[PDB]
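Reading through the structure tokens given below for one structure.
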Amino acid sequence: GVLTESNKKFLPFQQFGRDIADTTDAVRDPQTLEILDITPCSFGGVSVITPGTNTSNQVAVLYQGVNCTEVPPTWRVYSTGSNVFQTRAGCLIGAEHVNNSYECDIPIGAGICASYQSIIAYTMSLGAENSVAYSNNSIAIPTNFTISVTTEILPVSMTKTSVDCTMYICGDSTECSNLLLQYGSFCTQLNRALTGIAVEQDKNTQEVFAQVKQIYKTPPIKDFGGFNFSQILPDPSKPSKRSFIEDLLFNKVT
Amino acid sequence: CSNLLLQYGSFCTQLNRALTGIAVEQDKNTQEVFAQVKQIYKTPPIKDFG
Amino acid sequence: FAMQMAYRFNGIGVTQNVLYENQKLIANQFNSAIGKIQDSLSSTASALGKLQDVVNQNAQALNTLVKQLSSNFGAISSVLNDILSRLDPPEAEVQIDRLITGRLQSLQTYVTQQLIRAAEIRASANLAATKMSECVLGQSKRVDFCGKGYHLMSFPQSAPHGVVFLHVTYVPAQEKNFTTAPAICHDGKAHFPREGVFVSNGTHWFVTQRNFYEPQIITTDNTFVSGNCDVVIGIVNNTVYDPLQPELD
Amino acid sequence: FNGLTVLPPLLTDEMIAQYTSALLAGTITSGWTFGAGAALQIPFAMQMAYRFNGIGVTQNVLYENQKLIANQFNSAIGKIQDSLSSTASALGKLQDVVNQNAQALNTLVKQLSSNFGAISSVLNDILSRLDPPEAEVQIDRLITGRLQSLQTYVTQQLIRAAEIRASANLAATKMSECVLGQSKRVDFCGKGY
Amino acid sequence: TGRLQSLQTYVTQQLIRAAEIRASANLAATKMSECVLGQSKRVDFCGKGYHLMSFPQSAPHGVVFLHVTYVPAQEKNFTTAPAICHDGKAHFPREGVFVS
Ligand SMILES: *[C@@H]1O[C@H](CO)[C@@H](O[C@@H]2O[C@H](CO)[C@@H](O)[C@H](O)[C@H]2NC(C)=O)[C@H](O)[C@H]1NC(C)=O
Ligand SMILES: *[C@@H]1O[C@H](CO)[C@@H](O[C@@H]2O[C@H](CO)[C@@H](O)[C@H](O)[C@H]2NC(C)=O)[C@H](O)[C@H]1NC(C)=O
Ligand SMILES: *[C@@H]1O[C@H](CO)[C@@H](O[C@@H]2O[C@H](CO)[C@@H](O)[C@H](O)[C@H]2NC(C)=O)[C@H](O)[C@H]1NC(C)=O
Ligand SMILES: *[C@@H]1O[C@H](CO)[C@@H](O[C@@H]2O[C@H](CO)[C@@H](O)[C@H](O)[C@H]2NC(C)=O)[C@H](O)[C@H]1NC(C)=O
Ligand SMILES: *[C@@H]1O[C@H](CO)[C@@H](O[C@@H]2O[C@H](CO)[C@@H](O)[C@H](O)[C@H]2NC(C)=O)[C@H](O)[C@H]1NC(C)=O
Ligand SMILES: *[C@@H]1O[C@H](CO)[C@@H](O)[C@H](O)[C@H]1NC(C)=O
Ligand SMILES: *[C@@H]1O[C@H](CO)[C@@H](O)[C@H](O)[C@H]1NC(C)=O
Ligand SMILES: *[C@@H]1O[C@H](CO)[C@@H](O)[C@H](O)[C@H]1NC(C)=O
Ligand SMILES: *[C@@H]1O[C@H](CO)[C@@H](O)[C@H](O)[C@H]1NC(C)=O
Ligand SMILES: *[C@@H]1O[C@H](CO)[C@@H](O)[C@H](O)[C@H]1NC(C)=O
């Protein structure tokens, strides 16, 4: 640790001190008989803020909870005089601080976040500011309209996987199986839980989709007042009878 | 201690991954709850609300 | 389908007249929106990230479970066949026990994390079922539940491990500023709009529906009268024309 | 602490206050119109008349009784201040999360002071007092105990985070429906109409 | 160590199950509030059909809701028009539909 001149006073009979869970926070030297306090030297995690290997190979390194004053796995270019920015989430090296502020891509913390223009760091922007013209005898009324179509994606189920407890641990060994038998019924509980998850997976799909009493079929002559549902409706040409949008969705996810 | 700990496989990779997932989830929760405005509206200087 | 859309327009608070007098424009806007959705799905990637994250997490967990099978756990080797091949059972049992303990611990961790993930997926599936019931099988007044705007109708689409909802909404546009008053005074009586709001274009006063600008002359038919002029704050003076008198003449 | 770090939140409290201010200014000056699209201004009395129409009472009643309604609203919001300032334990739900997290972290710290069957709980003491061949026996017990404690902590944190996410989803739905509009769901937005 | 591991497994499983039970209880409370103390427009939230009213009944560890709904029956075929013309003007129903 790092020693410092302690301020707290000891009664003439103690030798050291602690606060919680045997964490020795103080000690007196056996020769000068001076009360010193002990605190650990700084440590923390390291993060990389690359914008992707594709585009550029430039990176920014963040040391979390470390003061900029003291810093020096060598990282030669990052401890010799490069531009260093100190934030509330740590110290940032390799990203210049811009006085502007706007919507960003990569969060850092404490309202500071970074993006690739070089790499810059700046305060997050919540949004644009407008002052609505409020008055006690004024109203705004629409004179037109627009129709918007938006997409919402919701996962309903995952793959049904089953793991054999006995064969995973032992794998065709009679001695291993005999030794494992002494452990009780852990394997039975694990298999039961996995099968329960597997059944819940089918129950989820049944709850989500099976909500029609009958299989309704669209008429051949499609005259819906001008509204065109060709892409949404199933395509008989495709063997799977999926629509255009469904085909695109299935192609994207693999 | 670390050399002996290496014999236990990648347990702590899982531990750190779970904790980082929780940490990201907290920010997602806050952002979903509060950030629901396109623009930062401001009240007029004159307060005459009836 | 046009009559259904008129019913939905009534549902969101807009008179069904507007649909019939703007049917072609509405159809064109819907077709263009569908085309834009198709283009965005075809070109833009990572849109289906929520579906991909679940698959990635499950694959990573399973890969970790498989790779944890190659750990010594303090034993001489991670292969049971090697231990049994070169050791007598009395000392081989000690080596096998450590491997058994390690593998059991790893499998238990896997099962617990899978249970947590399954609970999350079940919650998501329940939300999807509720959205299917309330946004597709009907029209919902819940704000932002079935898209941003005034909900009209939704279309479900199947996904590899999920469901995709296309929410059609009515969004007002091209607003204009007017002068408004709460009530109109005629013959010492306070007149209120039956369904709408009084507006002025500078010199005259009209009645419009609240979501679309359709000015109309203030009459007894589209207003109701209650009380004198003194109580209401913000009254203005105007005439309320009654259709009965011209026909009576 | 020993490897225990706390990550600051991405959104500082000033930004969250700004978001709430934007929400509140928008709902005062526009009603529910800013939720659907662009913010359309409306006199606050007319918005109240619209909401009375929404709950089933004609807008006549608001205008005939505007001063009384304003006084009642002001008195109620003043009583809110009085109750918050004077009475305590109103925020027990928020305090429970902090207490639970602090207690879990404290027990995680205190599990570092247990022998777990070894000769000591101090690893440096074991190293200094004992030769390498025998030190591994104690170190393995220490590793087993500390791994088990850490795994228990992580599992409990995941289970708690699930509940916090459920609460956050409910809060987001209430912000969307109670604040950006007028809801007809019974007891979803307070008690009454 | 064996018995303590078994106990830890039991406690973790109980916590996971209690989370699901709490979710079900929250759903039941919401259903009571929105269907016994009121009438809900949400589709398929309280029964199948057009909801009228609900009645709660106690169960040993749960609740039973009796949902009363309105179901149309005996439909008939007709002919419609979006509007009707008279004296060179377009007429639309106030709250109904034109049939022939
Ligand atoms: C309402 O908006 C629509 C488009 O959002 C307007 O239609 C456009 O009008 C311009 C001007 O005549 C044309 O150049 C475009 O081709 C039209 N687009 C479409 C899709 O028809 C419409 O005129 C607006 N109505 C009012 C009353 O402002
Ligand atoms: C509904 O939209 C589809 C897709 O835009 C239309 O099909 C297109 O029609 C044009 C002209 O006949 C062709 O050039 C395209 O190749 C067609 N695309 C596809 C994917 O088939 C369809 O005509 C529209 N419906 C109506 C009634 O016009
Ligand atoms: C009608 O309303 C519009 C708002 O859409 C007014 O335009 C803004 O009015 C505010 C009043 O505080 C000004 O601060 C803005 O600068 C105005 N915007 C622009 C672009 O000038 C408009 O003045 C109003 N007009 C009338 C006659 O009421
Ligand atoms: C406000 O609206 C009224 C009624 O629409 C306008 O008065 C009429 O304007 C038309 C022009 O479109 C003239 O032909 C009529 O002679 C006007 N008087 C009537 C119908 O009695 C008035 O000009 C509008 N004021 C504005 C736009 O500032
Ligand atoms: C609407 O018209 C009535 C009567 O036509 C106005 O009532 C007069 O208000 C003035 C205000 O000083 C009084 O001096 C008169 O005695 C009232 N009666 C008459 C018969 O003139 C009323 O003020 C008008 N509304 C507004 C907003 O001016
Ligand atoms: C140890 O001796 C030094 C000088 O030899 C003296 O300055 C110091 O006070 C002594 N400390 C104790 C604890 O005797
Ligand atoms: C990836 O590389 C392609 C070209 O190789 C480029 O067009 C694209 O912008 C890159 N994307 C990122 C995120 O770097
Ligand atoms: C870093 O140390 C200096 C020297 O005392 C101090 O002034 C500064 O506030 C410290 N930085 C932080 C973030 O506390
Ligand atoms: C509206 O505010 C103006 C001040 O700008 C005031 O003169 C007028 O009396 C007010 N009218 C109402 C109805 O509050
Ligand atoms: C309406 O007419 C169609 C075609 O004539 C027929 O298929 C359908 O069953 C009829 N509906 C009823 C309710 O009779």
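Only this structure's heavy atoms are used, side chains among them; waters, hydrogens and symmetry mates stay out. Just so we're on the same page: letters track the sequence lines, and every chain starts at 1.
Closest approach of C/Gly196 and D/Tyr50 over heavy atoms only: O-OH, 4.2 Å. Closest approach of C/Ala181 to D/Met46, counting heavy atoms only: C-CE, 3.3 Å. Residues D/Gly181 and C/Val143 approach most closely at CA-CG2, 4.0 Å, considering heavy atoms.
The environment of CZ in C/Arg194 is crowded: more than 12 heavy-atom neighbours from other residues, nucleotides or ligands sit within 6.0 Å. For C/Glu91, the CD atom sits in a packed shell: over 12 heavy atoms of surrounding residues, nucleotides or ligands are nearer than 6.0 Å. Heavy-atom contacts from other residues, nucleotides or ligands closer than 6.0 Å to CD of C/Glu93 number 12 or fewer. The environment of C/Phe224 atom CZ is dense: over 12 non-hydrogen atoms of other residues, nucleotides or ligands sit within 6.0 angstrom. Atom NZ of D/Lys110 has 12 or fewer heavy atoms from other residues, nucleotides or ligands within 6.0 Å. Counting heavy-atom neighbours within 6.0 Å of D/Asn2 CG, excluding the residue itself, gives a total of 12 or less. The neighbour count for D/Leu4 CG, taken as heavy atoms of other residues, nucleotides or ligands under 6.0 Å away, is above 12.
Atom OG1 of residue C/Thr180 and atom CD of residue D/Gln41 lie 10.5 Å apart, to the nearest 0.5 angstrom. Note that OG1 of C/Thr112 and CD1 of D/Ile159 are 8.0 Å apart. Values are rounded to the nearest 0.5 Å. Rounding to the nearest 0.5 Å gives a distance of 8.5 Å between CZ of C/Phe192 and OG1 of D/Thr58.
Interface summary for chain C: among D/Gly37, D/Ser176, D/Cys178, the most heavy-atom pairs under 4.5 angstrom belong to D/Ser176. When each of C/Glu195, C/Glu120, C/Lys141 is checked for heavy-atom pairs under 4.5 Å with chain D, C/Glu120 comes out on top.
Only the side chain of D/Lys67 comes within contact range of chain C, judged by heavy atoms closer than 4.5 Å. Interface remark: D/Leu180 contributes backbone and side-chain atoms alike to the contact with chain C (heavy atom separation under 4.5 Å). Residue D/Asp140 touches chain C through its side chain alone, counting heavy-atom pairs closer than 4.5 Å. Heavy-atom distances place the side chain of C/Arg98, and not its backbone, under 4.5 Å from chain D. Residue D/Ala45 does not touch chain C at all, counting heavy-atom pairs closer than 4.5 Å. Contacts of D/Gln151 with chain C are made by side-chain atoms alone, with heavy-atom separations under 4.5 Å and no backbone atom involved. Neither the backbone nor the side chain of D/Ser183 comes within contact range of chain C; no heavy atoms are under 4.5 Å apart. Neither the backbone nor the side chain of D/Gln148 comes within contact range of chain C; no heavy atoms are under 4.5 Å apart. For D/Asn53, the part sitting under 4.5 Å from any heavy atom of chain C is the side chain, from C-beta outward, and nothing else.
Between D/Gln59 and C/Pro193 there is a side-chain heavy-atom pair separated by less than 4.5 Å.
C/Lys148 places a side-chain N or O within donor-acceptor distance of the main-chain N or O of D/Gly35, the cut-off being under 3.5 Å.
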